[PDB]
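Participant: Below: one structure in structure tokens.
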Amino acid sequence: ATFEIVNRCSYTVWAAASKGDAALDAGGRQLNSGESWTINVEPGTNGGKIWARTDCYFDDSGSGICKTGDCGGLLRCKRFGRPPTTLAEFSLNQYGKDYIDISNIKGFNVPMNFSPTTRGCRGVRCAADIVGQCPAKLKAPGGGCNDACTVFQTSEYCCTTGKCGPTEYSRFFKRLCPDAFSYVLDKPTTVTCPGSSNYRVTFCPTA
């Protein structure tokens, strides 16, 4: 499958694409305002994620730091990034189907739209001003709005026992972005697409 990643923000982001143990395609690239980066992701990819990183500094070897979503200081991510990160999530060609969603389970940094460019499913979007509205205890100094699990590390927020309910904090993400996962056992907002669909991820789809 091919994914077009478009930076519509007025500021530069550093896109990243990983499946946790490996980079997807190059794994990461700078996107200036307006830039598109086209990547190819192998069919059958399970547990792939795409996110934006903000305020990054890399040297000439692709080593440095980002204020949100840093993946151990590399330009080209192999691992997932540090919260807060709004996440495009996908599993491709799972019994003839592609599954996509957007998740606020690891917090929110940049608004995002995740849409198919081929036929036969709708996209999903989280474009509200979550950083502006973020409750005070969740505000990350780096920029961004943390999830309650990252900040408090309780069973309840992290659903570590597999039973957990919505909370004051997850309710805030869900109120602003009803189409994004707001906690681990949220009612699924996954979208089912035909196997081998293609996609576009747009950062700042509105701005």
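As shown in the structure tokens, the chain order sets the letters A, B, ...; within each chain, residues go from 1, and ligands are also counted from 1 in the order they appear.
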Excluding region 52-67 of chain A and residues on its chain fewer than 6 positions from it, collect all residues at most 12 Å away from it, counting only C-alpha atoms, and give them as a PyMOL selection string.
Facilitator: chain A and resi 5-18+26-32+73-77+80-88+108-112+140-144+201-204
Participant: Using the chain letters and numbers from this document, which residues of region 56-177 of chain A does DSSP assign to alpha helix (DSSP H), as a PDB file with C-alpha atoms, in the first residue's frame?
Facilitator:
ATOM      1  CA  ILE A 130      -7.028  19.822  21.908  1.00  0.00           C
ATOM      2  CA  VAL A 131      -3.741  21.519  22.865  1.00  0.00           C
ATOM      3  CA  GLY A 132      -5.535  24.827  23.476  1.00  0.00           C
ATOM      4  CA  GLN A 133      -8.275  23.216  25.557  1.00  0.00           C
ATOM      5  CA  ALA A 148      -3.691  10.405  31.674  1.00  0.00           C
ATOM      6  CA  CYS A 149      -1.800   7.044  31.603  1.00  0.00           C
ATOM      7  CA  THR A 150       1.510   8.732  30.562  1.00  0.00           C
ATOM      8  CA  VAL A 151       1.070  11.367  33.266  1.00  0.00           C
ATOM      9  CA  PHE A 152      -0.302   9.315  36.246  1.00  0.00           C
ATOM     10  CA  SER A 155      -4.129   0.791  36.493  1.00  0.00           C
ATOM     11  CA  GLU A 156      -7.247   2.673  35.729  1.00  0.00           C
ATOM     12  CA  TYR A 157      -5.782   5.111  33.204  1.00  0.00           C
ATOM     13  CA  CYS A 158      -3.500   2.453  31.686  1.00  0.00           C
ATOM     14  CA  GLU A 168     -12.636  12.644  33.339  1.00  0.00           C
ATOM     15  CA  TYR A 169      -9.499  12.740  31.188  1.00  0.00           C
ATOM     16  CA  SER A 170     -10.471  10.360  28.441  1.00  0.00           C
ATOM     17  CA  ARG A 171     -13.845  12.063  28.302  1.00  0.00           C
ATOM     18  CA  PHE A 172     -12.089  15.294  27.339  1.00  0.00           C
ATOM     19  CA  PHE A 173     -10.345  13.700  24.299  1.00  0.00           C
ATOM     20  CA  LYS A 174     -13.646  11.945  23.279  1.00  0.00           C
ATOM     21  CA  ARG A 175     -15.669  15.166  23.589  1.00  0.00           C
ATOM     22  CA  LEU A 176     -13.315  17.032  21.236  1.00  0.00           C
TER      23      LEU A 176
END
Participant: As an exercise, work out the distance from CA of residue 134 (chain A) to CA of residue 100 (chain A) in Å and give it to one decimal place.
Facilitator: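 So the two atoms, CA of residue 134 (chain A) and CA of residue 100 (chain A), lie 25.3 Å apart.
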Participant: Would you kindly return, as a list in words, each protein, DNA or RNA residue with an atom no farther than 6 Å from any atom of region 187-193 of chain A, considering only C-alpha atoms and excluding same-chain residues fewer than 3 positions away?
Facilitator: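 Those residues are residues 97, 98, 99, 100, 101, 121 and 179 of chain A.
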Participant: Just write the chosen residues, C-alpha atoms, as a PDB file, in the first residue's frame.
Facilitator:
ATOM      1  CA  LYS A  97      -9.378  -6.266   5.059  1.00  0.00           C
ATOM      2  CA  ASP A  98      -7.421  -3.119   5.979  1.00  0.00           C
ATOM      3  CA  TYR A  99      -8.118  -1.592   9.432  1.00  0.00           C
ATOM      4  CA  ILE A 100      -7.446   2.040  10.159  1.00  0.00           C
ATOM      5  CA  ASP A 101      -8.038   4.448  13.049  1.00  0.00           C
ATOM      6  CA  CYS A 121     -14.607   3.286   3.204  1.00  0.00           C
ATOM      7  CA  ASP A 179     -13.838   9.621  16.102  1.00  0.00           C
TER       8      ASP A 179
END
Participant: What is the CA of residue 78 (chain A)-CA of residue 90 (chain A) distance in Å, reported with one decimal?
Facilitator: 16.2 Å
Participant: Could you jot down the CA of residue 71 (chain A) to CA of residue 23 (chain A) separation for me, Å, one decimal place?
Facilitator: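 So the two atoms, CA of residue 71 (chain A) and CA of residue 23 (chain A), lie 10.6 Å apart.
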Participant: Extract, using only C-alpha atoms, all DNA, RNA and protein residues at most 9 Å from residue 45 (chain A), discarding same-chain residues fewer than 3 positions from it, and format them as a list in words.
Facilitator: residues 19, 41, 42, 48, 90, 91, 92, 93 and 94 of chain A
Participant: Please produce a file of those selected residues containing C-alpha atoms, as a PDB file, in the first residue's frame.
Facilitator:
ATOM      1  CA  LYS A  19       5.771  -0.687  13.120  1.00  0.00           C
ATOM      2  CA  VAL A  41       4.269   0.024   3.202  1.00  0.00           C
ATOM      3  CA  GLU A  42       4.507  -3.731   2.635  1.00  0.00           C
ATOM      4  CA  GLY A  48       1.842   0.245  11.701  1.00  0.00           C
ATOM      5  CA  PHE A  90      -3.243   0.620  10.616  1.00  0.00           C
ATOM      6  CA  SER A  91      -3.216  -3.102   9.907  1.00  0.00           C
ATOM      7  CA  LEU A  92      -3.141  -4.034   6.215  1.00  0.00           C
ATOM      8  CA  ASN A  93      -4.611  -7.157   4.514  1.00  0.00           C
ATOM      9  CA  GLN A  94      -5.935  -8.862   7.644  1.00  0.00           C
TER      10      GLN A  94
END
Participant: Neighbours of residue 107 (chain A) within 6 Å (only C-alpha atoms; same-chain residues fewer than 2 positions away dropped), as an NGL selection string?
Facilitator: :A and (84-85 or 104-105 or 145-147)
Participant: Could you turn the residues from that selection into a file that holds N, CA, C and O atoms, as a PDB file, in the first residue's frame?
Facilitator:
ATOM      1  N   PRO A  84       3.449  13.343  23.913  1.00  0.00           N
ATOM      2  CA  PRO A  84       2.151  13.163  23.299  1.00  0.00           C
ATOM      3  C   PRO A  84       2.275  13.035  21.775  1.00  0.00           C
ATOM      4  O   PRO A  84       3.010  13.814  21.157  1.00  0.00           O
ATOM      5  N   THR A  85       1.505  12.142  21.159  1.00  0.00           N
ATOM      6  CA  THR A  85       1.534  11.983  19.716  1.00  0.00           C
ATOM      7  C   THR A  85       0.172  11.566  19.302  1.00  0.00           C
ATOM      8  O   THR A  85      -0.252  10.477  19.718  1.00  0.00           O
ATOM      9  N   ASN A 104      -5.970   8.875  20.279  1.00  0.00           N
ATOM     10  CA  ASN A 104      -5.492   9.775  21.292  1.00  0.00           C
ATOM     11  C   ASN A 104      -5.050   9.055  22.577  1.00  0.00           C
ATOM     12  O   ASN A 104      -4.816   9.702  23.631  1.00  0.00           O
ATOM     13  N   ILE A 105      -4.830   7.752  22.490  1.00  0.00           N
ATOM     14  CA  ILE A 105      -4.433   6.950  23.673  1.00  0.00           C
ATOM     15  C   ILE A 105      -3.041   7.376  24.124  1.00  0.00           C
ATOM     16  O   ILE A 105      -2.727   7.287  25.318  1.00  0.00           O
ATOM     17  N   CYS A 145      -0.791  17.630  24.340  1.00  0.00           N
ATOM     18  CA  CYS A 145      -1.650  17.347  25.460  1.00  0.00           C
ATOM     19  C   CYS A 145      -1.464  15.845  25.797  1.00  0.00           C
ATOM     20  O   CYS A 145      -1.878  15.016  24.975  1.00  0.00           O
ATOM     21  N   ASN A 146      -0.851  15.497  26.949  1.00  0.00           N
ATOM     22  CA  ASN A 146      -0.634  14.087  27.338  1.00  0.00           C
ATOM     23  C   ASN A 146      -1.886  13.330  27.647  1.00  0.00           C
ATOM     24  O   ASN A 146      -2.825  13.907  28.179  1.00  0.00           O
ATOM     25  N   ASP A 147      -1.876  12.021  27.398  1.00  0.00           N
ATOM     26  CA  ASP A 147      -2.907  11.132  27.957  1.00  0.00           C
ATOM     27  C   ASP A 147      -2.681  10.945  29.462  1.00  0.00           C
ATOM     28  O   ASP A 147      -1.509  11.074  29.940  1.00  0.00           O
TER      29      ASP A 147
END
Participant: Determine which residues of chain A receive a DSSP assignment of strand (DSSP E or B), computed from the backbone, and state them as a ChimeraX atom specification.
Facilitator: /A:2-7,13-18,23-31,36-40,48-58,63-68,74,87-94,97-103,108,112-116,124-126,139,145,181,191-194,199-203
Participant: Between A:40, A:33, A:106, A:153, single out the one closest to residue 68 (chain A), counting only C-alpha atoms.
Facilitator: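 Counting only C-alpha atoms, the residue closest to residue 68 (chain A) is A:106.
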